[PDB]
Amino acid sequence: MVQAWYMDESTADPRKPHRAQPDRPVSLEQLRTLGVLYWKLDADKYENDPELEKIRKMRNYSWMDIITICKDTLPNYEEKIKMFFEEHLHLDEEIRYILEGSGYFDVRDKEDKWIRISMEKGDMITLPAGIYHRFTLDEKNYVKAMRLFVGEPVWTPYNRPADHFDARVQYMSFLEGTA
């Protein structure tokens, strides 16, 4: 089962787990109240998986590509990695399907406290437009991921503060309505 937790108070070493002490796990159901959705898939089948297709059609994820994040192969690696981990939001969904390796997506909860989501092979996640988030590799320092998008992609991050955007306003409005 996919693991998520509240983070400790250390600001050092973003790639470590940073589990709060004592443990404060976060359920998939609490993530749903933040509009964060999750599916589990057989990642070996990603080239041809009726179960992925079901998700894509339901959600209108009509666009996809594959990205591989490691020091050696990714162009402009160091800079891209810095940008991923800056707290930011987008005007669209962020949908990522992990094909190999692993990573952390951090999201703010309703009190603006960080929740760390551990994503592994087979895990697929969508972060809603307007949510403040960031991504980092974990200590294994490797991830291969499918990126999906509702239509032709725009990747632009807006680093916090980014509160004026309609996507942020609507997302705040969505949060009033959940548990």
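Residue indices: 1-based, along the sequence shown.
The question of which stretch, 5 to 13 or 157 to 165, has the higher mean Cα B factor is settled in favour of 5 to 13.
Comparing the deposited coordinates for 19 to 27 and 166 to 174, the stretch with the larger average C-alpha B-factor is 19 to 27. Which of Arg147, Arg116, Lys140, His133 has the largest Cα B-factor in the deposited entry comes down to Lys140. Comparing the C-alpha B-factors of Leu89, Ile98, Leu74, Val107 in the entry, the top value falls on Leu74.
Per-chain ranking of the deposited C-alpha B factor places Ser62 in the highest third. Among the modelled residues of its chain, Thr33 has a C-alpha B-factor that falls in the highest third according to the deposited record. In the PDB entry, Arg56 places in the lowest third of its chain by CA B-factor. Ranked by Cα temperature factor within the chain, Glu152 sits in the highest third according to the deposited record. In the deposited entry, the Cα temperature factor of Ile125 places it in the lowest third of its chain's modelled residues.
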